[PDB]
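Chemist: Sending over a structure as structure tokens; questions will come in a sec.
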Amino acid sequence: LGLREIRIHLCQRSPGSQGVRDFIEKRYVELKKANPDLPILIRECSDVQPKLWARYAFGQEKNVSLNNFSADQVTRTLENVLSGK
Amino acid sequence: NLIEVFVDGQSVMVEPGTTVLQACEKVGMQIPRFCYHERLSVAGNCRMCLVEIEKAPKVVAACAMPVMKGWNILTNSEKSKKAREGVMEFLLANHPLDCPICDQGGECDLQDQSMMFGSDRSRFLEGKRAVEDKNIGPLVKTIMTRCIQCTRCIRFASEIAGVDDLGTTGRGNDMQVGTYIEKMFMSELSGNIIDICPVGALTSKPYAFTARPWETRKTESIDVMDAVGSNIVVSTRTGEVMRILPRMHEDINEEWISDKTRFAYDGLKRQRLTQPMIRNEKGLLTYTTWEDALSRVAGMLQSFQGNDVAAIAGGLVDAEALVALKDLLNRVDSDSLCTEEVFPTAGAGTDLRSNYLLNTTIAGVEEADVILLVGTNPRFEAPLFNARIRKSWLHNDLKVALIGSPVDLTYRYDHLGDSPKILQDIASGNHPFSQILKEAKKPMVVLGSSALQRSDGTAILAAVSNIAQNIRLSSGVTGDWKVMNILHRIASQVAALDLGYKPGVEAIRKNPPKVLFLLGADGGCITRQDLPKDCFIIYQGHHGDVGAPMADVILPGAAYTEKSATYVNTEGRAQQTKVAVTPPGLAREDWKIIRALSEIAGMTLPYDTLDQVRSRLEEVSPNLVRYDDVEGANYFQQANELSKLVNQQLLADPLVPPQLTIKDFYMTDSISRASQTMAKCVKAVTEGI
Amino acid sequence: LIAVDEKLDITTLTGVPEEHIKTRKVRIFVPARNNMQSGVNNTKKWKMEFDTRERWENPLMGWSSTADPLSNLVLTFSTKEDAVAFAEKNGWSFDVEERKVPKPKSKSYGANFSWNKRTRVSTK
Amino acid sequence: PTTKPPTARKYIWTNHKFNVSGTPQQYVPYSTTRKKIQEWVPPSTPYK
Amino acid sequence: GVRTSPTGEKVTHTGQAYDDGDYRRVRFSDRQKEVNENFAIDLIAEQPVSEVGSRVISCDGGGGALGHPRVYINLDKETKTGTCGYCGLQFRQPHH
Amino acid sequence: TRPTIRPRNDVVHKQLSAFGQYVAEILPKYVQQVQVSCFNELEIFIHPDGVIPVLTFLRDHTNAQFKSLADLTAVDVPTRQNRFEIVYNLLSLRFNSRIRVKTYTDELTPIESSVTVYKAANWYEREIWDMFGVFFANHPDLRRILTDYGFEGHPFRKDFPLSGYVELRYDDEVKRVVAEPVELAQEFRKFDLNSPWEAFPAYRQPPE
Amino acid sequence: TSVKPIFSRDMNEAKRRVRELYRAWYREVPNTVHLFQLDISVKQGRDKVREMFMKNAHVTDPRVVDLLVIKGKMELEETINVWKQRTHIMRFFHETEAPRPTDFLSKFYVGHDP
Ligand code: SF4
Ligand code: SF4
Ligand code: FES
Ligand SMILES: [Mg+2]
Ligand SMILES: [Zn+2]
């Protein structure tokens with residue numbers, strides 16, 4: 001229930017990460033401004049699909065694939081994690 | 001366009017200005033040499049590299065003669081062989097018969113090239129020359145009867161290290177190399193003259209007489225004494241570290257290592273933690289067993305949870321240990337994970353790697369046009385980065401400007417005051433250096449992470465980000481060139497930030513913990529005065545300096561020479577240290593200690609082997625398993641936007657680096673403090689002579 | 001002539017113990033040039049060697065003891081592909097390090113005496 | 001040796017010795033090198 | 001120049017001496033410890049210094065082909081003697 | 001006079017070259033290469049399945065009566081796809097000559113047994129199998145010849161450790177000699193001897 | 001790529017040879033226990049034969065299987081002919097080797113081995 005951190009893994013050149021890249025470029029600052037104390041770590045993948053890790057309390061982690069998503073899909077999926085639904 | 005030359009009749013296309021030596025290298029033939037080093041200038045005085053051109057009556061110096069169109073280079077001709085034999089005859093005519101008492105011994109270029117290219121007999125029936133031995137400090141031992149006057153040390157000293165205290169005095173056969181006065185050649189890049197001297201005239205004094213080159217086993221690992229991440233080779237012998245040598249990596253190390261990296265390996269044999277220690281009824285530390293120590297620690301971990309659990313990561317910790325401790329502390333929902341070094345967390349913070357990385361890599365300095373250093377002393381924080389800066393300065397007329405304290409770098413730079421008010425002036429546009437940066441085609445701004453330790457580090461970071469923003473707006477937006485840069489001085493800082501540790505110990509100061517895990521934390525940032533009474537301290541480390549004296553439980557770990565581990569340098573590159581020797585006594589690997597503690601406590605971690613721990617590392621941050629890659633994504637726009645919204649006031653204090661002198665360079669970390677050679681160097685540079 | 005759609009694997013025939021088949025990570029690499037010498041003749045063949053194991057001190061005479069059969073085992077290969085094929089067919093884990101060659105450098109003796117550039121040398 | 005006495009040095013044994021195996025004067029080997037690693041000595045004073 | 005450790009054990013010219021709590025001393029019980037009485041460092045210190053009136057001298061250890069490789073020592077520094085390092089032999093120029 | 005240099009025999013070099021051309025012409029199906037070393041040794045590289053025809057020709061042909069099998073060994077070269085190189089040394093008493101025939105094979109590919117041409121091939125091929133793992137198809141009795149009973153592994157391979165994996169001692173509890181994992185009081189000290197300066201330019205390989 | 005088969009062509013003939021070798025070994029254990037005067041049971045010997053057969057159950061190359069059965073026939077003929085001694089037969093059983101720990105915690109306690 002208690003979210004502790006969010007991690008977004010997106011490859012910087014693969015076509016499948018194009019939607020996640022657009023979210024970082026034009027939507028990350030607004031998201032971070034709303035959650036100043038939430039660790040939102042953006043990292044880099046080489047040849048695998050993009051991932052969304054959500055570390056909850058007591059070390060529970062859920063990974064959501066972001067492969068071939070759009071910027072709107074990434075925003076909705078991320079706010080679902082923040083909302084809890 | 002390329003011109004066609006011939007080596008032994010084989011065609012090869014070389015750029016104009018290429019030398020005969022480099023053309024032969026391209027076709028795969030290594031011409032004998034003594035005074036030629038590719039990292040230094042061309043001298044051409046040993047005359048060992050003479051080769052014959054097909055029609056030329058006279059042999060040419062291969063190391064200095066540019067190739068012309070349609071030249072045939074006869075490398076193994078009769079004239080070439082006779083020239084090599086004559087030169088070797090002269091050299092060995094004046095050399096002394098010191099091979100068995102010479103540290104160079106089996107790794108001597110004079111011996112090898114004499115055995116390959118010279119004669120097997122001597123015609124010298126006269127007396128030899130004996131030269132008085134000079135003294136240039138505690139690190140380099142000079143036996144100058146073995147010098148062959150190749151002037152490599154002179155060229156290296158001046159060009160590379162910026163120190164002009166080496167030269168030749170006198171002339172003729174009585175020509176000598178030295179300082180002409182009782183002066184010590186003390187510099188952060190001194191042992192490289194030990195490496196480049198082709199003979200035994202300059203030899204390592206700590207390594208004197210200990211071993212021979214054929215005995216030693218070479219282990220290719222990396223360096224942990226600083227955040228450059230130099231590639232090194234560890235020479236071991238019968239399970240004992242004998243020597244540290246440079247390993248070529250032209251984007252990081254470039255064949256050189258600093259004196260601390262080279263000569264502090266003997267701190268790994270002193271003040272070592274070899275057995276687990278607990279406290280008896282008297283409060284005195286006594287040896288115990290692994291089972292007992294881990295049982296006590298796990299009992300405390302089961303008792304307490306939440307923000308009453310903290311961990312402080314030191315400067316010599318590895319990614320596997322960091323991630324294992326992070327997972328173990330997350331098993332109890334605790335999060336007081338911190339590193340003993342401060343980085344501004346306001347705005348983007350550690351969220352984007354292109355906010356604390358050195359975005360323009362070390363090799364990218366050679367392409368920069370203007371570089372501005374803010375609140376740092378690269379000569380001691382990162383000797384190889386400063387050597388690269390000096391090389392770029394020399395070979396490209398790079399303009400360097402330093403804001404703050406006027407430390408004596410090895411090159412001429414433009415000094416800008418001492419205060420961050422100048423930093424605000426540059427961003428505004430009042431300073432002339434603003435116009436210099438605007439007109440520069442390739443600017444670079446490097447802010448030292450030692451400046452961020454101040455109470456106003458966030459303001460300094462915001463100011464320099466604004467300067468980079470102004471540079472980007474005025475100059476070309478397009479391009480892969482990156483302006484903003486951060487220079488780190490701690491080996492584990494970047495790996496910890498990538499994993500998700502909170503920089504600085506401010507969180508632990510805010511919420512004092514009941515249980516504190518000092519993972520190699522010898523900095524003394526947090527002590528029992530700050531901690532609550534009866535706080536349980538577990539120090540896990542390899543040297544007993546501060547945390548071990550003040551800790552309740554002591555767990556011995558392994559050093560970098562003793563564990564296979566992962567370290568991330570200041571430019572974001574990841575490199576794996578390999579095992580050279582094994583931990584002494586009952587010492588174990590750090591992630592193994594953490595995993596065993598978790599298993600005893602009941603919150604068993606999901607990894608049992610090194611590959612599984614590295615798979616967890618790939619889960620948390622894949623850049624930690626992509627090793628030699630350095631390319632990454634640039635998020636300066638987002639970082640600057642997040643930094644703008646909150647701003648504070650710069651303090652009215654001058655930017656003074658922590659290290660102002662070479663003694664402050666010599667003593668920085670735990671292994672250096674435990675080293676006796678570093679103590680000798682400090683004594684030499686303080687008391688002189 | 002039969003056809004097999006299988007990867008070659010001779011671990012069951014080599015006679016190596018299962019411990020030294022499974023828990024060993026060899027390192028395929030080109031040796032770094034010894035900085036003490038300018039020769040480059042030892043940086044031409046790939047090498048395969050095993051990870052270091054424990055060495056302790058003999059109680060009598062103080063010699064260095066070992067229990068790892070593969071401590072002195074180093075193999076020479078002409079190519080990275082050959083080395084990797086050998087490692088795969090013998091079943092050991094392997095880490096491959098790409099060969100490092102020095103980049104070409106522009107050298108000029110005349111730069112020592114530049115009229116206005118910083119490359120001018122103060123000594124010879 | 002009476003006709004040609006050997007060269008006399010101050011380090012040469014004055015008294016010759018036979019094989020001392022099976023006697024308390026026998027040779028016992030040992031390592032003639034010092035300790036390689038020095039271990040940390042914890043403070044003898046209390047703390048906290 | 002043999003020296004005795006606090007445990008009653010002789011100290012070798014390399015400084016070897018078993019610690020008080022070292023269990024390896026059991027091998028010497030009812031037997032003896034092999035220590036050479038003559039110390040080469042002491043004897044070579046007992047050797048005198050040869051004064052020669054030349055800037056460079058040559059040492060082969062004595063005996064010619066039965067000595068060590070011939071080396072040349074430069075006697076220019078007046079604050080110390082020149083030492084042949086094969087045989088540890090000191091030479092000096094006539095001062096005063 | 002050049003007293004320190006071996007004199008050369010161009011007549012024997014020419015004779016060996018001519019005979020190599022002769023055999024290569026006679027057996028084009030199997031012979032892949034013919035070489036003459038500068039110290040006058042003829043070397044024939046064949047396809048591995050031509051062992052029986054080539055050896056029978058070299059034994060029975062009137063112009064090549066190589067009636068004696070001087071030696072039979074193998075060389076392990078891991079860098080090759082077919083690591084094992086089987087070498088046959090033949091001696092012709094009629095023409096006072098010697099020849100060498102080399103084939104190749106790997107771990108899982110058998111080589112036809114030449115016990116039907118020479119009888120020394122029996123023990124020579126048993127030793128090759130014992131020390132390298134190379135299997136010979138139609139061998140009358142193929143088994144270990146030199147290694148201990150029940151010994152696992154083929155010692156002469158390059159990837160086999162020098163001291164092996166097991167060692168023997170007598171155990172008083174069980175009243176018999178036992179085999180235990182190898183453990184050395186002093187580890188073999190490996191020396192890196194190769195000089196980093198190229199010795200023989202005549203053998204230099206292209207940089208590729 | 002067509003490769004020269006040692007025996008057995010496909011995998012089924014290799015399995016047939018494996019079964020023949022297993023029968024030969026199964027019918028030899030009583031005679032081996034009798035001749036060598038082994039103190040082990042016949043059931044123990046058959047269990048050891050079964051275990052030594054099962055450690056190669058992951059092989060999928062018919063040539064590797066053929067080589068394995070060739071070596072099995074060799075070491076069977078070393079036993080029928082009493083070329084081996086009781087020493088080797090009991091070397092199959094590792095009666096003197098101390099049991100190495102297998103769990104992470106015990107391996108951590110003993111030493112540095114992975
Ligand atoms: S520098 Fe080389 S040639 Fe000279 S004494 Fe030393 S090992 Fe011998
Ligand atoms: S001391 Fe060494 S590096 Fe310097 S000139 Fe002499 S031989 Fe060359
Ligand atoms: S290497 Fe060219 S003259 Fe010295
Ligand atoms: Mg040197
Ligand atoms: Zn002497």
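So you can find residues: chains in the structure tokens are A, B, ... in the order shown, residues in each start at 1, and ligands are numbered from 1 in order.
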Pull out every residue of chain D that has at least one atom within 10 Å of chain B, counting only C-alpha atoms, and report them as a list in words.

Modeler: residues 35, 36, 37, 38, 39, 40, 41, 42, 43, 44, 45, 46, 47 and 48 of chain D

Chemist: Take the residues from that selection and write them out as a short mmCIF file (atom, residue, chain, number, x, y, z; two decimals), in the first residue's frame, keeping C-alpha atoms.

Modeler:
data_model
loop_
_atom_site.label_atom_id
_atom_site.label_comp_id
_atom_site.auth_asym_id
_atom_site.auth_seq_id
_atom_site.Cartn_x
_atom_site.Cartn_y
_atom_site.Cartn_z
CA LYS D 35 54.48 -11.86 9.68
CA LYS D 36 53.02 -10.54 6.43
CA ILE D 37 49.79 -8.93 7.72
CA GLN D 38 49.52 -6.78 10.84
CA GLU D 39 46.10 -6.95 12.49
CA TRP D 40 44.40 -4.00 14.15
CA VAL D 41 44.73 -3.74 17.94
CA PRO D 42 41.49 -2.40 19.47
CA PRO D 43 41.78 0.41 22.03
CA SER D 44 42.21 -0.76 25.61
CA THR D 45 40.17 2.14 26.97
CA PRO D 46 36.37 2.01 27.24
CA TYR D 47 34.06 4.06 25.03
CA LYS D 48 30.60 5.63 24.85
#

Chemist: With chain B as the partner and 10 Å as the cut-off, tabulate the residues of chain G that qualify, each row holding the nearest pair of atoms and their distance in Å to one decimal, using only C-alpha atoms, sorted by chain and rising number, as a tab-separated table.

Modeler:
residue	atom	partner	partner_atom	distance
G:103	CA	B:608	CA	9.6
G:104	CA	B:608	CA	7.0
G:105	CA	B:596	CA	6.0
G:106	CA	B:596	CA	9.5
G:108	CA	B:592	CA	7.3
G:109	CA	B:290	CA	6.9
G:110	CA	B:586	CA	9.2
G:111	CA	B:586	CA	7.8
G:112	CA	B:588	CA	6.8
G:114	CA	B:609	CA	7.3

Chemist: Include N, CA and C atoms and write out the residues we just selected as a tab-separated table (two decimals), in the first residue's frame.

Modeler:
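Below is the file part.tsv, written as the result:
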chain	number	residue	atom	x	y	z
G	103	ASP	N	24.86	-25.58	1.82
G	103	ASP	CA	24.05	-24.40	2.02
G	103	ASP	C	24.93	-23.16	2.15
G	104	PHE	N	24.32	-22.01	1.84
G	104	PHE	CA	25.07	-20.76	1.78
G	104	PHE	C	25.68	-20.41	3.13
G	105	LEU	N	24.92	-20.60	4.21
G	105	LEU	CA	25.42	-20.20	5.52
G	105	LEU	C	26.61	-21.04	5.95
G	106	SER	N	26.55	-22.36	5.75
G	106	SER	CA	27.68	-23.21	6.09
G	106	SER	C	28.89	-22.88	5.23
G	108	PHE	N	29.57	-20.04	3.94
G	108	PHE	CA	30.06	-18.77	4.45
G	108	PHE	C	30.90	-18.97	5.70
G	109	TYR	N	30.47	-19.87	6.58
G	109	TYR	CA	31.23	-20.13	7.80
G	109	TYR	C	32.58	-20.75	7.50
G	110	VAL	N	32.64	-21.71	6.57
G	110	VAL	CA	33.87	-22.49	6.41
G	110	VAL	C	34.97	-21.65	5.77
G	111	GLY	N	34.67	-20.91	4.71
G	111	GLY	CA	35.72	-20.24	3.98
G	111	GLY	C	35.20	-19.39	2.84
G	112	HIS	N	36.08	-19.14	1.87
G	112	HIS	CA	35.81	-18.20	0.79
G	112	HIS	C	35.27	-18.86	-0.47
G	114	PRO	N	32.98	-20.21	-3.39
G	114	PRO	CA	31.68	-19.83	-3.95
G	114	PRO	C	30.62	-20.91	-3.74

Chemist: Show me which residues line ligand 1, defined as having an atom within 6 Å of a ligand atom where only C-alpha atoms and all ligand atoms count, and present them as a list in words.

Modeler: residues 96, 97, 98, 99, 102, 104, 105, 108, 110, 111, 146, 199 and 200 of chain B

Chemist: Which residues of chain E are close to chain C, meaning at most 12 Å apart when you count only C-alpha atoms, and how do they look as a PyMOL selection string?

Modeler: chain E and resi 22-27

Chemist: Throw together the list of residues within 9 Å of ligand 2, counting only C-alpha atoms and all ligand atoms, and drop it here as an NGL selection string.

Modeler: :B and (34-35 or 142-144 or 146-156 or 166-168 or 176-178 or 193-202)

Chemist: Suppose we keep N, CA, C and O atoms; can you now write the selection as a compact mmCIF listing (two decimals), in the first residue's frame?

Modeler:
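Result file is out-v3.txt:
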# COMPACT_ATOMS: atom_id res chain seq x y z
N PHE B 34 64.54 3.44 -27.73
CA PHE B 34 64.78 3.72 -26.32
C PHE B 34 64.22 5.06 -25.88
O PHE B 34 63.57 5.12 -24.84
N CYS B 35 64.42 6.11 -26.66
CA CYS B 35 63.98 7.44 -26.25
C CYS B 35 62.60 7.80 -26.77
O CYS B 35 62.06 8.84 -26.37
N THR B 142 67.22 6.43 -7.28
CA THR B 142 68.04 6.75 -8.43
C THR B 142 69.41 6.09 -8.29
O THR B 142 70.12 6.35 -7.31
N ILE B 143 69.76 5.24 -9.24
CA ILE B 143 71.11 4.70 -9.37
C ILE B 143 71.57 5.08 -10.77
O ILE B 143 71.46 4.31 -11.72
N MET B 144 72.14 6.28 -10.90
CA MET B 144 72.28 6.93 -12.20
C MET B 144 73.47 6.42 -13.00
O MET B 144 73.73 6.96 -14.08
N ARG B 146 73.25 3.58 -14.28
CA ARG B 146 72.49 2.81 -15.25
C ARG B 146 71.74 3.68 -16.25
O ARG B 146 71.10 3.13 -17.15
N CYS B 147 71.78 5.00 -16.11
CA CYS B 147 71.09 5.86 -17.05
C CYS B 147 71.73 5.78 -18.43
O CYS B 147 72.95 5.67 -18.55
N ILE B 148 70.90 5.82 -19.46
CA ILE B 148 71.37 5.85 -20.84
C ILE B 148 71.03 7.18 -21.51
O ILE B 148 71.02 7.26 -22.73
N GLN B 149 70.74 8.21 -20.72
CA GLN B 149 70.55 9.58 -21.21
C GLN B 149 69.54 9.64 -22.35
O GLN B 149 69.78 10.26 -23.39
N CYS B 150 68.41 8.98 -22.16
CA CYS B 150 67.35 8.99 -23.15
C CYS B 150 66.40 10.17 -22.99
O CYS B 150 65.60 10.42 -23.90
N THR B 151 66.48 10.90 -21.88
CA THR B 151 65.68 12.10 -21.63
C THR B 151 64.18 11.83 -21.67
O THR B 151 63.39 12.71 -22.03
N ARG B 152 63.75 10.63 -21.29
CA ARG B 152 62.32 10.37 -21.15
C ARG B 152 61.77 11.03 -19.90
O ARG B 152 60.68 11.60 -19.92
N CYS B 153 62.50 10.94 -18.79
CA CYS B 153 62.04 11.52 -17.54
C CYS B 153 61.94 13.04 -17.64
O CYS B 153 61.03 13.64 -17.07
N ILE B 154 62.88 13.66 -18.35
CA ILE B 154 62.85 15.11 -18.53
C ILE B 154 61.61 15.53 -19.31
O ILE B 154 60.84 16.40 -18.89
N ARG B 155 61.40 14.89 -20.47
CA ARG B 155 60.24 15.21 -21.29
C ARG B 155 58.95 14.91 -20.54
O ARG B 155 58.01 15.71 -20.57
N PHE B 156 58.88 13.76 -19.87
CA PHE B 156 57.68 13.47 -19.09
C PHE B 156 57.47 14.51 -18.02
O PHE B 156 56.40 15.11 -17.94
N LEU B 166 63.73 18.74 -13.72
CA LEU B 166 64.61 17.71 -14.24
C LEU B 166 65.28 18.21 -15.51
O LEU B 166 64.65 18.86 -16.35
N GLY B 167 66.56 17.89 -15.66
CA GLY B 167 67.28 18.30 -16.85
C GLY B 167 68.65 17.68 -16.89
O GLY B 167 69.01 16.87 -16.03
N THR B 168 69.43 18.08 -17.89
CA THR B 168 70.78 17.59 -18.08
C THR B 168 71.77 18.70 -17.76
O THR B 168 71.63 19.82 -18.25
N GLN B 176 74.97 14.49 -17.20
CA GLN B 176 74.23 13.86 -16.12
C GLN B 176 72.79 14.35 -16.13
O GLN B 176 72.49 15.45 -16.59
N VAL B 177 71.90 13.51 -15.62
CA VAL B 177 70.50 13.86 -15.44
C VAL B 177 70.24 14.05 -13.95
O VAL B 177 70.62 13.20 -13.14
N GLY B 178 69.62 15.17 -13.60
CA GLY B 178 69.30 15.42 -12.21
C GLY B 178 68.77 16.82 -12.03
O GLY B 178 68.51 17.53 -13.00
N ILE B 193 57.52 8.17 -13.97
CA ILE B 193 58.92 8.21 -14.39
C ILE B 193 59.61 6.89 -14.05
O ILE B 193 60.55 6.48 -14.73
N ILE B 194 59.15 6.22 -13.00
CA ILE B 194 59.64 4.87 -12.72
C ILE B 194 59.23 3.93 -13.85
O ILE B 194 60.00 3.06 -14.26
N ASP B 195 58.00 4.08 -14.35
CA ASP B 195 57.53 3.21 -15.42
C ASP B 195 58.25 3.47 -16.73
O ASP B 195 58.65 2.54 -17.43
N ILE B 196 58.43 4.75 -17.10
CA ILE B 196 58.91 5.06 -18.44
C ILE B 196 60.42 4.95 -18.58
O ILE B 196 60.91 4.85 -19.71
N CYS B 197 61.17 4.97 -17.50
CA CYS B 197 62.62 4.82 -17.60
C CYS B 197 62.93 3.43 -18.14
O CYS B 197 62.58 2.44 -17.49
N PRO B 198 63.57 3.30 -19.31
CA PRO B 198 63.76 1.97 -19.90
C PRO B 198 64.75 1.12 -19.15
O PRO B 198 64.80 -0.10 -19.38
N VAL B 199 65.54 1.70 -18.25
CA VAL B 199 66.59 1.00 -17.53
C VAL B 199 66.29 1.10 -16.04
O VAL B 199 65.28 1.68 -15.64
N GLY B 200 67.17 0.54 -15.22
CA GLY B 200 66.96 0.53 -13.80
C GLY B 200 67.42 1.76 -13.06
O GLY B 200 67.52 1.73 -11.84
N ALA B 201 67.70 2.86 -13.78
CA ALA B 201 68.16 4.07 -13.11
C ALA B 201 67.11 4.62 -12.16
O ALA B 201 67.42 5.02 -11.04
N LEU B 202 65.85 4.63 -12.59
CA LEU B 202 64.74 5.05 -11.75
C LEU B 202 63.93 3.81 -11.42
O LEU B 202 63.36 3.17 -12.31

Chemist: Using only C-alpha atoms, which residue out of B:445, B:3, B:131, B:244 lies closest to chain E?

Modeler: B:131

Chemist: Do me a favour and pick out the residues of chain F within 6 Å of chain B, using only C-alpha atoms, as a PyMOL selection string.

Modeler: chain F and resi 191-192+199+207

Chemist: Taking into account only C-alpha atoms, which residue in the set C:118, C:45, C:99, C:107 is nearest to chain F?

Modeler: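 Smallest separation from chain F among the options: C:45.
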
Chemist: Please return, as a VMD selection string, all residues of chain C lying within 8 Å of chain G when only C-alpha atoms are considered.

Modeler: chain C and resid 1 to 4 6 10 12 to 13 23 53 to 54

Chemist: I'd like the neighbourhood of stretch 10-22 of chain D as a list in words, where a residue qualifies if any of its atoms comes within 10 Å (using only C-alpha atoms), though same-chain residues fewer than 3 positions away should be ignored.

Modeler: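 The contact residues come out as residues 7, 25, 26 and 27 of chain D; 31, 37, 38, 39, 40 and 43 of chain E.
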
Chemist: Skip stretch 16-33 of chain F itself and residues of its chain fewer than 5 positions away, then list as a ChimeraX atom specification all residues within 7 Å of it, counting only C-alpha atoms.

Modeler: /F:42,44-47,50

Chemist: Restrict the selected residues to C-alpha atoms and save them as an mmCIF file, in the first residue's frame.

Modeler:
data_model
loop_
_atom_site.group_PDB
_atom_site.id
_atom_site.type_symbol
_atom_site.label_atom_id
_atom_site.label_comp_id
_atom_site.auth_asym_id
_atom_site.auth_seq_id
_atom_site.Cartn_x
_atom_site.Cartn_y
_atom_site.Cartn_z
ATOM 1 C CA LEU F 42 58.857 -33.885 -46.008
ATOM 2 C CA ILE F 44 52.099 -34.360 -46.020
ATOM 3 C CA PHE F 45 48.738 -33.005 -44.850
ATOM 4 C CA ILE F 46 45.808 -35.227 -45.829
ATOM 5 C CA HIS F 47 42.097 -35.496 -45.212
ATOM 6 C CA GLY F 50 42.459 -40.879 -46.227
#

Chemist: Please check which protein, DNA or RNA residues sit within 12 Å of ligand 5, counting only C-alpha atoms and all ligand atoms, and write them as a PyMOL selection string.

Modeler: (chain B and resi 97-98+101) or (chain E and resi 44+57-64+66-73+82-91)

Chemist: Give the helix (DSSP H, G or I) residues of stretch 49-112 of chain B, as assigned by DSSP on the backbone, as a list in words.

Modeler: residues 78, 79, 80, 81, 82, 83, 84, 85, 86, 87, 88, 89, 90, 91, 92, 93, 94, 105, 106, 107, 109, 110, 111 and 112 of chain B

Chemist: How would the residues just picked look written out with C-alpha atoms as a PDB file, in the first residue's frame?

Modeler:
ATOM      1  CA  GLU B  78      71.957  -5.242 -43.404  1.00  0.00           C
ATOM      2  CA  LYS B  79      72.411  -1.513 -42.790  1.00  0.00           C
ATOM      3  CA  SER B  80      69.591  -1.512 -40.235  1.00  0.00           C
ATOM      4  CA  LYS B  81      71.016  -4.527 -38.410  1.00  0.00           C
ATOM      5  CA  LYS B  82      74.507  -3.013 -38.327  1.00  0.00           C
ATOM      6  CA  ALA B  83      73.133   0.312 -37.068  1.00  0.00           C
ATOM      7  CA  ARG B  84      71.280  -1.419 -34.241  1.00  0.00           C
ATOM      8  CA  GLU B  85      74.381  -3.428 -33.342  1.00  0.00           C
ATOM      9  CA  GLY B  86      76.547  -0.306 -33.204  1.00  0.00           C
ATOM     10  CA  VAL B  87      74.127   1.656 -31.034  1.00  0.00           C
ATOM     11  CA  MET B  88      73.649  -1.271 -28.657  1.00  0.00           C
ATOM     12  CA  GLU B  89      77.424  -1.708 -28.491  1.00  0.00           C
ATOM     13  CA  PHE B  90      77.899   1.892 -27.358  1.00  0.00           C
ATOM     14  CA  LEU B  91      75.121   1.666 -24.761  1.00  0.00           C
ATOM     15  CA  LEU B  92      76.397  -1.578 -23.254  1.00  0.00           C
ATOM     16  CA  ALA B  93      79.953  -0.269 -23.468  1.00  0.00           C
ATOM     17  CA  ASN B  94      79.226   2.359 -20.880  1.00  0.00           C
ATOM     18  CA  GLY B 105      66.182  -7.345 -14.032  1.00  0.00           C
ATOM     19  CA  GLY B 106      63.958  -9.441 -16.267  1.00  0.00           C
ATOM     20  CA  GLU B 107      61.808  -6.555 -17.521  1.00  0.00           C
ATOM     21  CA  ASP B 109      64.369  -2.992 -22.490  1.00  0.00           C
ATOM     22  CA  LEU B 110      68.162  -2.760 -22.667  1.00  0.00           C
ATOM     23  CA  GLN B 111      68.424  -6.498 -21.964  1.00  0.00           C
ATOM     24  CA  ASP B 112      65.635  -7.550 -24.320  1.00  0.00           C
TER      25      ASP B 112
END
